[PDB]
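Colleague:
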Amino acid sequence: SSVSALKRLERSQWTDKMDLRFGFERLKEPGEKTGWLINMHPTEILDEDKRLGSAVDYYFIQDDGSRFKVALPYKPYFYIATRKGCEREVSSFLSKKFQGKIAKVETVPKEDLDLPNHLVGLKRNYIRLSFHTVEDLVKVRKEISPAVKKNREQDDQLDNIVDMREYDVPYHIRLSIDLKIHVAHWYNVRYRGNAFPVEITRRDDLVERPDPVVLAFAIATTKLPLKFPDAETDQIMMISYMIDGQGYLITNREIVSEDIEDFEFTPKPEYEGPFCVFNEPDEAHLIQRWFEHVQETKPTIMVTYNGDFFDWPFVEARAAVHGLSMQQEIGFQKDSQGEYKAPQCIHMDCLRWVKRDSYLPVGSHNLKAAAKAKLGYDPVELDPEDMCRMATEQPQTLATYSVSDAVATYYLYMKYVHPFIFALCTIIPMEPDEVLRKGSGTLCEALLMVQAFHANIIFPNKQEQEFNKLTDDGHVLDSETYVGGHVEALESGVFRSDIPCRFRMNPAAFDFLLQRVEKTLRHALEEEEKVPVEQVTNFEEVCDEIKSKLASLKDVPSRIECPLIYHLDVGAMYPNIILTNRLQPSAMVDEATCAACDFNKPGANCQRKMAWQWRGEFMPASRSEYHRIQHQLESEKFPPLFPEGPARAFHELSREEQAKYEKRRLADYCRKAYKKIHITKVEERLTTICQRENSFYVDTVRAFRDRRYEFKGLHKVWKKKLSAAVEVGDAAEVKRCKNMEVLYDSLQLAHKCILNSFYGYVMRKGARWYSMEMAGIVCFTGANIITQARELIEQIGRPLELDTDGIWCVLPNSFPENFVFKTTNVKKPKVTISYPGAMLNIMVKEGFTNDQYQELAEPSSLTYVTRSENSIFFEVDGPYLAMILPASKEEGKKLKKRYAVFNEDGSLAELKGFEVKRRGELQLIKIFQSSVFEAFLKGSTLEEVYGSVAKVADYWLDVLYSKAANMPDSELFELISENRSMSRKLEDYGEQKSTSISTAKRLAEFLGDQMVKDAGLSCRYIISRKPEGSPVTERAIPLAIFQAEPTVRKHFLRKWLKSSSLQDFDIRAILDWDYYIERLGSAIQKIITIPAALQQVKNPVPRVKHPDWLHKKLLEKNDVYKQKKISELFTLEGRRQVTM
Amino acid sequence: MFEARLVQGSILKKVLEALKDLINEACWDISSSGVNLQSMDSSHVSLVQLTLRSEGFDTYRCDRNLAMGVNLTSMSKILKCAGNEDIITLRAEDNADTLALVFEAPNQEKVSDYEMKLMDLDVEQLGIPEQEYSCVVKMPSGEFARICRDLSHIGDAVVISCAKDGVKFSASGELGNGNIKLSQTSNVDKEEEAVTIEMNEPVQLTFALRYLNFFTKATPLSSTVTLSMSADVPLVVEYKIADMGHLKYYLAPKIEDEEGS
Amino acid sequence: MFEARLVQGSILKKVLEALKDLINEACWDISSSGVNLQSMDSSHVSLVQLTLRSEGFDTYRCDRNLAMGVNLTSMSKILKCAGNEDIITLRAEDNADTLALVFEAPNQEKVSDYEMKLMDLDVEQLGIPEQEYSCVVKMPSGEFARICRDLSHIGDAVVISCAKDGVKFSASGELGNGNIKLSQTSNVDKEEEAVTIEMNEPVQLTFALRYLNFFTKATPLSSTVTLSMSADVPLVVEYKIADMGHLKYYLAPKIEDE
Amino acid sequence: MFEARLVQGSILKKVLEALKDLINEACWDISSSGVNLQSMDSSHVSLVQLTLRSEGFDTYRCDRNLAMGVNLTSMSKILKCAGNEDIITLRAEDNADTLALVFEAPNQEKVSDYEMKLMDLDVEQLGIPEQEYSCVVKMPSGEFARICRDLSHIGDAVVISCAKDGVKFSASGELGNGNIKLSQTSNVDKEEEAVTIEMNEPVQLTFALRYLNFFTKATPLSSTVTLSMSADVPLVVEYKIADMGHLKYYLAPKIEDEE
DNA sequence: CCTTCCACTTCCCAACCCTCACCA
DNA sequence: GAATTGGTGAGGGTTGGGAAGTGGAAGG
Ligand SMILES: Nc1ncnc2c1ncn2[C@H]1CC[C@@H](COP(=O)(O)OP(=O)(O)OP(=O)(O)O)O1
Ligand code: SF4
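Residue numbers (the deposited numbering), protein chains in the order written: chain A, 27 to 181, 213 to 1197; chain B, 1 to 261; chain C, 1 to 258; chain D, 1 to 259.
(1) Is any heavy atom in ligand 2 found nearer than 8 Å to the beta carbon of residue 657(A)?
(2) Any beta-carbon of chain A closer than 9 Å to the one on residue 35(B)?
(3) When the Cβ atoms of the stretch 905-915 of chain A are set against those of the stretch 636-644 of chain A, are three or more pairs found closer than 8 Å?
(4) Taking only beta carbons into account, state which residues of the stretch 218-242 of chain D come closer than 9 Å to chain A, listed in chain order.
(5) Beta strand (DSSP E) containing residue 66(A): first to last residue?
(6) Less than 8 Å separating the Cβ of residue 646(A) from some heavy atom of ligand 2?
(7) Indicate whether residue 244(B) and residue 52(B) have their beta-carbon atoms separated by less than 9 Å.
(8) Would you mind listing the beta strand (DSSP E) stretches within the stretch 494-579 of chain A that are 3+ residues and don't spill past its ends, in chain order?
(9) Round the Cβ separation of residue 275(A) and residue 463(A) to the nearest angstrom and send it over; I've been treating them as touching at under 8 Å.
(10) Look up residue 317(A) in the DSSP assignment and say whether it is helix, strand or coil.
(11) When every heavy atom of ligand 1 is checked, does at least one fall within less than 8 Å of the C-beta of residue 415(A)?
(12) Under the criterion of a Cβ to heavy atom distance below 8 Å, does residue 661(A) qualify as lining ligand 2?
(13) Does the distance from the CB of residue 166(A) to the CB of residue 177(A) come in under 9 Å?
(14) Just to check, is the beta-carbon of residue 145(A) closer than 8 Å to a non-hydrogen atom of ligand 2?
(15) Since residue 1152(A) sits in a beta bridge, which residues does DSSP pair it with?
(16) If you draw a straight line from the C-alpha of residue 859(A) to the C-alpha of residue 846(A), how long is it?
(17) Specify the secondary structure class of residue 1132(A) as computed by DSSP and reduced to three states.
(18) Note down, in chain order, each residue of its chain lying with its Cβ closer than 6 Å to the Cβ of residue 418(A), except the 5 sequence neighbours on either side.
(19) What does the alpha-carbon distance come out to for the pair residue 873(A) and residue 599(A)?
(20) Is there at least one Cβ from chain C nearer than 9 Å to residue 114(B)'s Cβ?
(21) For ligand 1, is there any heavy atom lying closer than 8 Å to the beta carbon of residue 813(A)?
(22) So with CB distances below 9 Å, who are the chain B contacts of residue 87(D)?
(23) Within this structure, are the beta carbons of residue 201(A) and residue 68(A) separated by less than 9 Å?
(24) Taking only beta-carbon positions, decide if residue 160(B) is within less than 9 Å of chain D.
(25) For residue 750(A), is the beta carbon positioned less than 8 Å from some heavy atom of ligand 2?
(26) Below 9 Å between beta carbons: does that hold for residue 746(A) and residue 666(A)?
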C-alpha cells in the first residue's frame, strides 16, 4: 500500500507545483469570491487525520484574469439490493467485513422503471456503500461481483446480496451530476476554513463570459525524400503559433538560410493576422524559447489540427534528444489512450470536431478542405518533398505557409468550435477534453443520466451480450436486424421546367382535392403558422382561384405541360416521430407486465400497438447437430495463450473463444452438409407501447430538439434578410448576411448529429437503456408515411426519387403553387403558404396523428388527462430549374441515390453519391462527371439536351484513343491515378487478395515496414498490361516506382513486368489502356446513352456500344414484322381451373 | 381411380424431356379414351398438344375422367430415376392429392416407387382450325433439328418458303445470311429417310427460331417429322409415337404492317 | 531410407482421388509391414483409414518406421501425369523432407520424375474399436452409386432399413418421398452380381447423403463394396484394394433428439 | 473472280478452331499459289504462319490475288454449321464485299448457302525467317499435348534439353519439381509412334507454357508434331496438314539474362 | 466390324462474400 | 475498457452447377 500512497502523494504534489507555476493558486485561506468554472480534474487529498481521500480540483478564472483552484472532497458510492428483508443483516456483515475500507452505508428508497406496477408510485430500498477513496471501491467491488454473479446465475450473508448497481460510473461524472456543478457558469465560492467543506454555487445574474487566453500552434519538419520523417533523424525547421490574435514565429536560423522578420498576413478584413518573428540559433534554443514563452503567456486552452498524430510526439522526442522533459516543463504527457493531456490546461484538437460534427465528407477532412469550405478561402499549397529545398533557397515561402496554417487553425477554432463546444458543455457533466473526445453515444448517455438522476431513477446496469442465441425453431442465429429505410427510384433521364413533358392524370384526384380545399387551407394556416383564420382578411379570395384551377385540371387531365420541380421532406423526421408517438426505450411492454398493472381496466386507452419488420439470418444446421457438436468438443484440446503455457481443455476456453470456435465448426460442417450457409427470413411483428410511463427520455429529446429549432429559426430569418438584400442589390449587406447564414447553418447542422444519436443510441452495444423494437417502429412508420405520399403524388404527377424522408417530384405547370395572406396583426403582417405542403400535411394529419397521448395532471391523485398531438410536418423546397438522374446497366435494376439538381439561377444546388465526392475514386471519372453535369444545363430541346452532352463526353474518349498523345508527361500521373486508402494494419489484412493489399505488399519490397507499420496508409497505383492474363489484383504498380531512382525503377519494373528486353520503361507503354477505356465506357453508358434509350431517342454516342439486351429489345421494336399472339389467330373457347 | 402401365418408360421420359423447356405447368386430361395434354407457353406465342391413346398402354383403367395439375420440371426430375429400359406404372386416386409412380427393372431384380405431389391450376382452352394446309412436308427429324440449330446460330428468326420445286429456310443477321434448301427425294431408300413435299400452292412465312429450338427436343421420339403451313395462319409441327399417339406444336406467325396502312 | 515400386500404378491414382476432395491433408505411416494412413474430415464427422500391405508391392525397402505429412491436392495434381499402366516408384528419406515419384512407361521409352515437399503435421491417433456388426451387406458398386445419386435429388438424408429379406432405402422431402428395395437374391449369373446380407438383428439408421456422395468416389477401385452397421455405432463402408490392401470410411449416424 | 472447292471440309473446320484463340480478327490472302494467313497474336507475344497450296483444292480459280478481312470468331461459328462430310465451296467476286460459303451433302438432297460480310482491314507482316536449326524433334502429337498439360499443372515454364540419347523436359513450381525424358526409339515398329531426334549440338532453352498450351490446339489436325530449336533463335513448332499445307508457330524463348 | 450410349473433361455464367465511403 | 443506426454503389475473387465435346466399351 505505502508505495502507492507515496507515489500518489508525490504526483499530487508535482501537479500542484505544475499548476502553481501557471498561477492557479489554491484557495488556502478562508474567504468568499466569484469566478467562472473553466476546467476540472479528480484528485486525492489529505483529510483531518491526513488520511488520503478523493477530491476534484475545480479551476476558476476571474474577470480580471486572476485564476485559482479549489479541491472539493467527495466520497464515491454505488448501490446494492438484497433479497427480501435482509438489509440489516447484509449491512452489518458488510460494515464488520471491511472495517476501515468503507466510509458509510445507508438505506435509500428509489424508483426502478422495470419494477412491476411501478406507475402507482411504488419504490424499493437500496443500500448505498461509500468509500474513503475510489481505490477501495475499485478493490471491494471485486470481493462482491463474483458472488452476486453466481447468485444471478442461480437466480453466508453475501449470498443475500441480489444485485449491484452504478458501480462503474466515472467518479467525477458522479460528482458533477450529484452537486449540479457544470462548466461555463459564474459561481460564488466560499471557504469557511477546514471546519467545513467549500461551497460552490451558481449565480444566474451574470450573462457575459470571461475571455480566456487561447494558443494555437503548428510545426513543420525536415524529412527524407519520398518517405515520412522520423523523430530520430529529422529536426524542426519552424514553429508558428498565435495567442489571442497576436501571431509569433520561431525559425532555426542554422537550417533557414536568412533572418526572418515580422510581417502581416490577412486572409479577410476580419482576419488581420499580425505576426511577430523570433530567430533562434539552434534547435535546442528554439525549443527552449518556445517553452519559456509558453511559461510566460500561460495559456489555458491550447490547440493543434491533428495534434496527437504528429506534433506532440515529434516535439516531445526532439526535446528528449536535448534532455528537455516536456512532461515536466510544459506538463503535457501522453495518456494511456495515446492522447496528450495536461493537468493545468485544456488541449482541443479541431480534427476531433470536424470528423464528428461538421458533416463534411471524408473527402474534406483535410485542413485545407475544411477551411476552404467553412472559411471560404484557400490556405496555401506545398509539397512535403519541397519544404526542405524551399526553406533553403527561399525561406519566406515556407514561413508564409507555416504562418497560414496557424491563421487557419486559430480562426477556425474561434468561430465554429468555441461557441458550439462551450455551449454544449453547459449541459453535459464532462470536461471540455472529454466532451470533445467522447463518442456521440456516450454524451447522450450522460444527458440521460442527468435527467434520470433528477428523476431519482436508479440506473440499469450495462447490457450484457448474448452469443449464439437460438431461434425458437432451433437454428443458431447469425444476425438480427430491423428493416431499414425504404428507397425507390421510379424514373430516369432528365427533367427541366424549360421544356414540355407528357402527363396523364386520374380525374377523381382533382375532385378529391377540390372537395376539401377549404379545410386544407384552414388547417395549414392555423397549425403551421399559428395565425388564426379570424386574424386574416381575404381567406375567401384565394379559395376561389384554387377551386377554379382545380376544376380546370379536372376537365382536362391528359395534357403536355412544363414541370415544376419540388422536393417535399419531413423536418427532423425521427425525433418528431418519437415525440409524436411518445416512444421511449423503457416503455415497450408485453401483456405479462400489463397483467400486473392496476390501470389494466376496461375503457382504458393506455396501450398503443404498432408494427415493425424483424429480420434475421441463421445457419441451416439443426438444433441436434449443434448440440452434438458441442458435446463433441468436450474432448478437444487447445493451445495455451502463450507458447510456454500448458494446453487448455475445451472448458478452459472462455465463452468469447468457445462461441467463435463453435461458429467456425458449424459453418465448415454446413458448407459440406447443406447447400446454403445462411438463410435470411423476414417477419411481421407487433409491439405494445405504454403511454403513461415516465417521460424523462422523451422530454430530453424535446429539449434538445427545441435547442436545434432555435438555431433553425434564426437561419430562416437570416435567409429572408439575405433574399431581401439580394433583391435590393446591396453586395455588402449580402456579404454580411451570407456570413450569418453560413454560421447558423453550421451550428444547426452540428446539433443534428447529437440530436439523431438519440435514435441510434437505443441499439448501441452495451447501452444502459436498450431495446430493439423502438429502433424498428421509427423506421417502419417512416416507410409508411413516404409510401402514402408516393401513392398520392403518383396520381397527380411523376415521382422521380424517394429516399428515407422526402420525395423529389415534378408537378404540372397549372398547379396552385403559392398564395399570400394579409393579417390583422403587425407581429406577422403577411403570411405565405404553398399548397403542396398543406396538401401532404393534411394527409399525414388525418392518418398518423396520435389520439392516445396522455399526461399526468395531478401527482397526488394519479389522474391523467388525454390529449392529441402531431409534430410531423412536411416542408417544401424548390422550385428548381433542372433535374437529372442516371440509370443502371443491368436490365431493370433501378440505380438509386444518384442525381444532379440545379437552382433557378443556373448553378449547382445538389449533386449526390458520385465519384466527384467520394475520397479517391479515379480522377478521370471525377472530371468527366463534373463536365457532363455542367453540359446537361445547356440546350433547348430534348434532342439537344443529349446532343450537348455527347459533344463534351466525346472529348475524354478522344483523349483515351489518342493515348493522350499531347498530354503533359506529368499530367497523366494525376489524371490516371486512384488514391485509395486503408483503415487497418497490413499485418491484419494478411491473406486476402485485392489491389490495396497488393500495392501495400508492393511497397514493402521497395521501402520496408516503415511505411507498412501503421494504419492510414494511402496508395497510388496504375494497373498494367505486361503480365498478360494475370488476374487484375496482380498487376498493381504504384507510382512510388515512377518516383524512385532510375536504376531502382528499372530493377523493380523488370522484377514485376517480367520484362528483360524493354528499353522504354514508360507509363504510356505500361498502362493497360483498355481497362481505363472500359471504366470510362461503363461510366458514360450510365449517364448519357442508357438514359437516352429509356427516353425514346436515337443513340447519342456512336462510339459506345449499347448493352446486348438493350440492343435486342430496341431492334425488335424497330422492324416491320410484328409477332401476333396465338389468341388472335385461334378463338378462345373458355377458361378452366382444376383443383384437388 | 386412374391406373396405367407402360412397357418402356423411355417414351414417357422423352415426352417429359420435350415438354420441360417450353411449359412450366399443365394439367392432364385423363379419360377412358386415353390421355391428352394441351397448354400454352407463358408468352402465348405457341401452343402444345399431346395425345396418348389407351391402346398403347400395357394395361389401362380410368374409372372416371380426371384432371390434375403437374409442375413439369419437377416431374422431369423424378423420371430421371427411371432406368432407360425400366417398365413404368402410374396410379392416382380420385382426391388427386398425389400421383404414385412405380418403376420395375426388366427382370424385377429391383422396385422403385415415388409420390409426385400435385397442384391446382387455372388454364384457358383454344380452338382448332382443322383446315387443310396449302403445303405439307415430311422430313427426317434429325435433319430438321440440324437446320433449326444451325440457322438459329445465324439469327433469331427464320423465313420459310415452299414451292413445288423445293423448300427453303432462310435467315439473316449482322453477319450476313443463311439459306438451306431441300428437294424431293428422287427414290425412296426407306420411308423414314425420304423427304416428301405435297402442296396446293406455294407459301411464305416467318417465325421466331427461339420456339423451334424448344420444339426440336422431340427428335428422340421419332426419326420423322411433319410440317404443315398455310398463308397468314399458324405453322404446325407434328411428331408421332408409333403406338401411343402424337405431339404437335402450333406457332403463330409474324404479319406485316401493310394491313396497318 | 524408404523406397517402393508398384506395377499396377493406377491403384495409387484411384485410391488417392477417392480422398483428394474429402480430406485436406494427412500423415502417411510407413513401416516394414506396410504403409498405413488414418485421418478425419475437418468436419470431424467422418474417419478415413487406408492400408496397403508391403507384400503387394513390386519392391519394398523400409529400414525404419517413418511418418510424413502431405496435403493430398499436391499429390493429386502430380499423379494426374501418370498413365494408367505406368509403373510407379515412391522414394523418400527419413533424413529429409521431400517425396520423389518416378513413373516408368511400359513402352520403356518414356520416363517421368517428380519431387514434392512434405508438410509438417502431427496428429493424435487411435485405432477403430472392434464391434460385432449386427448388420452387414455386400453389394455391387454401381448399384450403391446409383442409389445415392438418385436419392440426392429427392433429398438430403437417407433412411436405411434392412433385414435378411432385403435392404430398403427411403427418403422424404418437399418434392415427394420415395423408396428403393433390394430384396435378398438367391441366385446369380456371377458373384460380381451378388447382393448378400448377413444379420444378427434388424437395423435402421439415418445418414447424411451428401457425404455418401463422397464415399461413392471409391467405386472405380472395386466391383463390390461392403457395408456394416449397428445401432448407435458408425456405419462402415469398406473397399478392398486388389490383394494388396483395403480402404474404409467410418461415419456416425444422425442423432435424433427423441 | 475467286472460287475454290474442298471435299475434306473438316480440315478447314479444324484450322479455324486452332486460329481463333491466337487472333480474333485477321486478313486472309489468296493467290494463284494458294491461300495464306500470317500474323502476330493480339498480345504480340508470338507469331503464326499458315498456308494451303492451291494444288490441294478439288477446283480452284484465282484471276487476281486478293486479301480479305475476316472476324475469325464469327467465321468459326459459321463453319460450325457445316457437316464434317459436306463439300465446302468458297467464292467471292473482286468487287464484292461478301464471301459465299456453300456446303453440299454428298446426297445432294440438301444444300446450305451462307453469305458473310467482309471487313476492310490493313495488316502488318514480314517474310518469315528460317534457319537449319541445331535440334529437330519428331513426336506423336498426343504425347506432346499430354506433356505440356502435365507441366502446366505444376508451374509456369519448362526447360527443354536435347541429347543424342533422348529429349528431356523439366520444370519447377511452388509444390514441387518434375523431369521427363523420351528416349529415341531403338527400332521403329510403326511410323506414327516413333520418337526421333536430330542433334548437331546440345541445346537448352526455357519457354512459357501458356503459348505451347495454345499451339497444341491444332492437335486434331495432324497425328505428329515437330519441334525445331536452336540457341539464340525462336522455337518453331510445326504441324504438317496432309498434302496441301502447314501450320508454323514462332515463339521466342524465355530470357534468363535478367540475373 | 460398325454404331450407339454412357462417362468423363472442359468451358461459361450467376450468385455470394470483402472492402471503403456516401446517403438517409 | 470504450464503442449511435441501416441501405447501397463499385470493383474484384471464389464456388458450384449446367451444357457441350470427345473417347471407349458395349451391343448387335
Ligand atoms: N447520424 C445518424 N444517426 C442515426 N440516424 C440517422 C443519422 N442520420 C440520419 N439518420 C436517420 C434518422 C433521421 C433520418 C432522416 O435524416 P435526414 O438527413 O433526412 O434529416 P431529418 O431528421 O429529416 O432532419 P433535416 O436534416 O431534414 O432537418 O435518417
Ligand atoms: S400500458 Fe397500460 S396496462 Fe400496460 S403497464 Fe402501462 S399503464 Fe399498465
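Note that the Cβ used here is the ideal one computed from N, Cα and C, for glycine as well.
Modeller: The structure says:
(1) Result yes, Cβ under 8 Å from ligand 2.
(2) No Cβ of chain A is located within less than 9 Å of the beta carbon of residue 35(B).
(3) As far as the Cβ criterion goes, the stretch 905-915 of chain A touches the stretch 636-644 of chain A, which means the pair count is three or higher.
(4) For the stretch 218-242 of chain D, which is checked against every Cβ of chain A, not one residue is closer than 9 Å.
(5) That run of the beta strand (DSSP E) goes 57-72.
(6) Taking the Cβ of residue 646(A) as the reference point, at least one heavy atom of ligand 2 falls within a distance shorter than 8 Å.
(7) Yes, the Cβ-Cβ distance between residue 244(B) and residue 52(B) is below 9 Å.
(8) For the stretch 494-579 of chain A, the full-length beta strand (DSSP E) segments reaching 3 residues or more read 534-539, 550-553, 558-560 along the chain.
(9) Residue 275(A) to residue 463(A), Cβ: 5 Å. Contact.
(10) If DSSP states are grouped into helix, strand and coil, residue 317(A) belongs with coil.
(11) For residue 415(A), the shortest C-beta to heavy atom distance toward ligand 1 is 8 Å or greater.
(12) For ligand 2, at least one heavy atom lies less than 8 Å from the Cβ of residue 661(A).
(13) In this structure, residue 177(A) does not lie closer than 9 Å to residue 166(A) by Cβ.
(14) The closest heavy atom of ligand 2 lies less than 8 Å from the beta carbon of residue 145(A).
(15) According to DSSP, residue 1152(A) bridges with nothing at all.
(16) Cα to Cα, the separation comes out at about 10 Å.
(17) Residue state, collapsed to three classes: helix.
(18) Excluding five sequence positions before and after residue 418(A), the CB atoms of its chain that fall closer than 6 Å to its own CB belong to 974, given in chain order.
(19) When rounded, the distance between both Cα atoms is 10 Å.
(20) So yes, residue 114(B) belongs to the interface.
(21) Yes, since a heavy atom of ligand 1 falls inside the 8 Å radius drawn around the Cβ of residue 813(A).
(22) Chain order gives no chain B residues near residue 87(D), where near means a beta carbon separation below 9 Å; the closest approach is about 15 Å.
(23) Within chain A, residue numbering steps from 181 directly to 213, and residue 201(A) belongs to the interval with no atoms modelled.
(24) Chain D contact via Cβ: absent.
(25) Yes; taking the cut-off as 8 Å, the Cβ of residue 750(A) has a heavy atom of ligand 2 nearer than that.
(26) Yes. Within cutoff.
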